[PDB]
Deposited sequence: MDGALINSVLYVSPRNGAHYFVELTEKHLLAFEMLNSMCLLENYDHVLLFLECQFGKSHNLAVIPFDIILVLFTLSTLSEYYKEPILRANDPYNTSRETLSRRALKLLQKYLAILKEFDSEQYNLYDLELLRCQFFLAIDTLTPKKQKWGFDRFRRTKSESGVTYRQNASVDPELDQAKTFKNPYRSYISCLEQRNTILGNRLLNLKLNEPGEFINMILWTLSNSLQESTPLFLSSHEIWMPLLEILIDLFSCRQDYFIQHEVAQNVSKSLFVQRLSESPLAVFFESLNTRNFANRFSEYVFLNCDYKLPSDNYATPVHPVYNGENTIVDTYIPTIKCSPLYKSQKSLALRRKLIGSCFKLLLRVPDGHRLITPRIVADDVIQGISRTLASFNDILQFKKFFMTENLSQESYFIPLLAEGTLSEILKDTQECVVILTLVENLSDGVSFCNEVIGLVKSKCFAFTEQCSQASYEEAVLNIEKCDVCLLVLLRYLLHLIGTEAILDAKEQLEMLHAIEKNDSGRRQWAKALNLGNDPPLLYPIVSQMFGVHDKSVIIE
């Protein structure tokens, strides 16, 4: 009963000791069938025990693409027409969309507070190192004498190994943009939706640890209650003191921007053996386009930084965080000197043009302006756009000042010698402006807009005539046709 601990009513104890008995008999089909048969039926919320989470965290990391025989020698009938790893994942993502609602209008608050206890007990076992204790007493559980599940050891028992919660992050990030099926599948249905759960839970334990830690405490010590925070040990796994040049290259591992890291790339190895091997009796069917590959791998690289500008946002203006030893300004010019360095501009758009615009606020209109300020240092300044993101008149006046400052028109007479890089550079500084414009249009719900309109008309026409004088067979990367249709 240290904190968030909820005791067991006898009507939940039965389902607690029954699921563990079923799981002890190597019978996971019925363990899963226990939860699914009573999911959307009534207002009961049959919660998973906290040790039947570390089982679904290990039933998830064994997909048929490399363990087809073992998934068949367990239940050779396959009643549900699904595997053990595609239903475990479908439960963890179904009992998580319930946790982050806390809707008491249908469930009972006791079940919703018990489920949170199970989830936090589960995610309080993942303690990353660098290189069993059941809190209840009513029942004896599994995971006391059982170590491995179908060969795969465990998740809590493996991520705690020295230098392993850092290798699996680089595993799911580097093999994100891969072409070989044995490698791309190891991070599309095994480690990509599993890190999206770990990050979404480590970022919900933080939402609780802040309130129910010490109200009315000194600011100098409130920052000391963020060094033992759950989001602090998570980012403590990064075993370097160069977050200005290490967190900017761990998020973008397999991306190809202008990689200047003279140090050798991080050694990436599989978590469980046989992961980078497809099996003979399974042939893939889903065709993943290279654009689709680099759309769901940049919605995770951004989601992994979006949990770093939520830990750093809580640092008070006076002091700085102790355990990670990082600054909320050394990682806005670090995720901007590489974002402004991308070669494939279809990855740049996939990163900035996000499908979750409202939740992923508070840090995107910081890298967007932070990146536009990194490009104009070569195109030829002080950017105050985010401070003017609330009042449109000031943001306008600034953008007309910028376009009059000749930072959106092309460079000097050098046209064809270095066109291939100049066009990419000048168009990469247009997405940031477009992203900021979209945010303003969403954060604000007159004549200055029209003045920006005609100014951008003259600028675009200047680029157009410059490209015409470039004896070039195609159009320049115009701006206008986007802003015109955005405004209306």
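Counting the deposited sequence from 1, the stretches lacking C-alpha coordinates are 1 to 16, 148 to 180, 263, 431 to 433, 499 to 504, 548 to 556.
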